[PDB]
Amino acid sequence: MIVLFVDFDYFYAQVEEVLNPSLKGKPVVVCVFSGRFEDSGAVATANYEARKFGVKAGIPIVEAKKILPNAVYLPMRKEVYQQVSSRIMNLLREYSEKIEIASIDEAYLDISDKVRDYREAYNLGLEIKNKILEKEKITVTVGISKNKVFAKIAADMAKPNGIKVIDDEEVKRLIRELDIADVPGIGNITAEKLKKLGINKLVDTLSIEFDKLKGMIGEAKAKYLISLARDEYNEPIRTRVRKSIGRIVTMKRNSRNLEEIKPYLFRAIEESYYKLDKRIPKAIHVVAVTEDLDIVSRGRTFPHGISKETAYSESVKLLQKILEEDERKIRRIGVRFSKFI
DNA sequence: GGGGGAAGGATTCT
DNA sequence: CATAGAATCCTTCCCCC
Ligand SMILES: Nc1ncnc2c1ncn2[C@H]1C[C@H](O)[C@@H](COP(=O)(O)NP(=O)(O)OP(=O)(O)O)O1
Ligand SMILES: [Mg+2]
Ligand SMILES: [Mg+2]
């Protein structure tokens, strides 16, 4: 194929820069405040200014304020960003039928039936980067290659405000040279396992007895890596269908007291049903994060859709099944719905 | 042996 | 100190044939 991947640059923070251009050049930090104490919570993302000082997606806000006490700290306005993304996504649908929207700020475009080589594909990418920059004033990064994974690797390398092709011949090179922990899907727990077997490059998975590989990292990840190593990974650009909807909130204080937890759980069901927007679910899961930050959950599938009134009743049973079977106190509580009609 | 699908946890991603 | 939405995977279990 020919895949052109787009990922928006420091997206939530960049949208706050468009809406308030006096922030450009200072470090901007977009925060998810949790309500326990002043500045409790996590950073959703930060602009590249702030990243230079190690403030980035995932770290505590209190930690970010020690490093960069004079950054701008905004609360996340997810709905604002979703609407700007939808507009950018609508802009991208004008460059192929086949488009896979992979998150709030990425899309894969199968542009095979639309250009014939990589310099065509490179030019279309420059076109895409300029429209997005005219219509919405957002800079993005483009990766182009022969499949989705190496398109995404290409943008990862070219960040930020970049465009990069990985032709067939560097896909061969990267199969030998690229640190395997830079392959999408290889997080920290898989990486150290791969390295405990002396696997550092994609090509290294061809010279291992397969079941040692399957034994350590699981059957699906082994075939995934071997597929890329063999330059035969191909996966279609597909339309993504939302398979679950849910909400999880953080409680002012920890607790395993049912009457104390219920209002948070119930807010989370209420919001999930708004979000459900006429989709009807057969499955419900209750998710708790314990005081030691373990995640535990209890669900149930029904033979029929769940009314709101049933979700309320059943999620209290599933939360009690949690409080029965585990002794830790609860820090975060949420509900998730799946198996729509 | 295996179709199925659950359930609970792990891992990764944004 | 440790947000939040969501997918896919693994293991075990179960319930038939
Ligand atoms: N850990 C997190 N927690 C909450 N929100 C997050 C998050 N990680 C990402 N997001 C939200 C906010 C992120 O902005 C948005 C896009 O995530 P990316 O494309 O992975 N990172 P960005 O676009 O920010 O910078 P780059 O230029 O490096 O892509 O998703
Ligand atoms: Mg991005
Ligand atoms: Mg992204």
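What's counted below: heavy atoms across the whole structure, side chains too, no hydrogens, waters or symmetry copies. Letters A, B, ... are given to chains in the order of the sequence lines, protein chains preceding strands, and every chain is numbered from 1.
- Salt bridge present: A/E100 and A/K148 bring a charged side-chain N and a carboxylate O closer than 4.0 Å.
- Annotation: side chain of A/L293 is in contact with side chain of A/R331 (closest heavy-atom distance under 4.5 Å).
- Atom CD1 in A/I217 sits about 9 Å away from atom P in C/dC10, given to the nearest Å.
- Of the candidates C/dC1, B/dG9, B/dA10, the closest approach to any side-chain atom of A/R298 belongs to B/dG9.
- A donor-acceptor contact under 3.5 angstrom links the side chains of A/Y118 and A/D168, judged on distance only.
- Here NZ of A/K152 is found 12.0 Å from CG of A/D182. Values are rounded to the nearest 0.5 Å.
- Between A/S244 and C/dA7, a side-chain N or O to OP1/OP2 separation shorter than 4.0 Å is present.
- A/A44 comes within 4.0 angstrom of no nucleic acid atom, judged by non-hydrogen atoms across all strands.
- Atom CD of A/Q82 and atom P of C/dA6 are 10 Å apart (whole Å).
- Closest approach to the A/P60 side chain among B/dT14, C/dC1, C/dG5 is made by C/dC1 (side chain taken as heavy atoms from C-beta onward).
- Rounded to whole Å, the distance from NZ on A/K339 to P on B/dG5 is 10 Å.
- A/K193 has no side-chain polar atom (N or O) that falls below the 4.0 Å cut-off from OP1 or OP2 of B/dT12.
- Within a heavy-atom distance below 4.0 Å of DNA chain C, the residues of residues 325-336 of chain A found are A/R331, A/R332, A/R336.
- In this structure, A/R242 places its CZ atom 12 Å from P of C/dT8, rounding to the nearest Å.
- Between A/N161 and A/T139, the side chains place no donor N or O within less than 3.5 Å of an acceptor N or O (distance only, hydrogens not considered).
- Using a 4.0 Å heavy-atom criterion, one finds that A/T45 contacts no nucleic acid atom at all.
- Candidate nucleotides C/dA2, C/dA7, B/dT14 were compared by shortest atom distance to the side chain of A/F37, and C/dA2 ranks first.
- Following rounding to the nearest Å, A/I101 (CD1) and B/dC13 (P) show an atom-to-atom distance of 21 Å.
- For B/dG9, the sign convention on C1'-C2'-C3'-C4' gives a south pucker, since the angle is negative.
- Here A/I61 lies out of heavy-atom contact (under 4.0 Å) with every strand.
- Counting to the nearest Å, the P atom of B/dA10 and the CD atom of A/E192 are 19 Å from each other.
- Donor-acceptor pairing under 3.5 Å is lacking for the side chains of A/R267 and A/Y264.
- For the pair A/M76 and A/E219, nearest-nucleotide mapping onto DNA chain C gives the more 5' position to A/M76.
- Residue A/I186 is classed as a sugar-phosphate contact, given heavy-atom separations below 4.0 Å to backbone atoms only.
- Annotation: A/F337 is in aromatic contact with A/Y273 [ring centroid separation under 6.0 Å].
- Sequence order on DNA chain C of the closest nucleotides to A/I59 and A/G246 puts A/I59 first from the 5' end.
- Judged by distance alone, the side chains of A/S255 and A/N257 never bring a donor and an acceptor atom under 3.5 Å apart.
- The distance from atom CG of A/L124 to atom OH of A/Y122, rounded to the nearest 0.5 Å, is 12.5 Å.
- Note on A/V296: only backbone sugar-phosphate atoms sit closer than 4.0 angstrom, heavy atoms only; bases stay farther off.
- Listed nucleotides B/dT14, C/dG5, C/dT8 differ in distance to A/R247; the shortest reach to its side chain belongs to C/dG5.
- One finds no side-chain N or O of A/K321 lying less than 4.0 angstrom from the OP1 or OP2 phosphate oxygen of B/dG8.
- When each of C/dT3, C/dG5, C/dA7 is scored by its nearest atom to the side-chain atoms of A/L293, the top-ranked nucleotide is C/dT3.
- Checked options A/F5, A/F11, A/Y10; the residue passing with A/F8 is A/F11 (criterion: ring pair (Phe, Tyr, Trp, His ring centres under 6.0 Å)).
- For the atom pair CD1 (A/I284) and OH (A/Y312), the distance works out to 11.0 Å, reported to the nearest 0.5 Å.
- Closest to the side chain of A/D7, out of B/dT14, B/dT11, B/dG9, is B/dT14.
- With B/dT14, B/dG8, C/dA6 as the candidates, the nucleotide lying closest to the side chain of A/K275 is C/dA6.
- Straight-line distance from the CD atom of A/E63 to the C1' atom of C/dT3: 14 Å, rounded to whole Å.
- Each of C/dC1, C/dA7, C/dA4 was ranked by its minimum atom distance to the side chain of A/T250; first place goes to C/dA4.
- Side-chain proximity of A/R238 to the nucleotides C/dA7, C/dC1, B/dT11 is greatest for C/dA7.
- Here B/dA7 presents its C1' atom at 14 Å from CD1 of A/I284, a figure rounded to the nearest Å.
- When all heavy atoms of A/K252 and A/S34 are compared, the pair lying nearest together is NZ-O, 3.7 Å.
- The stretch residues 300-319 of chain A has no heavy atom under 4.0 Å from DNA chain C, so no residue of it qualifies as close.
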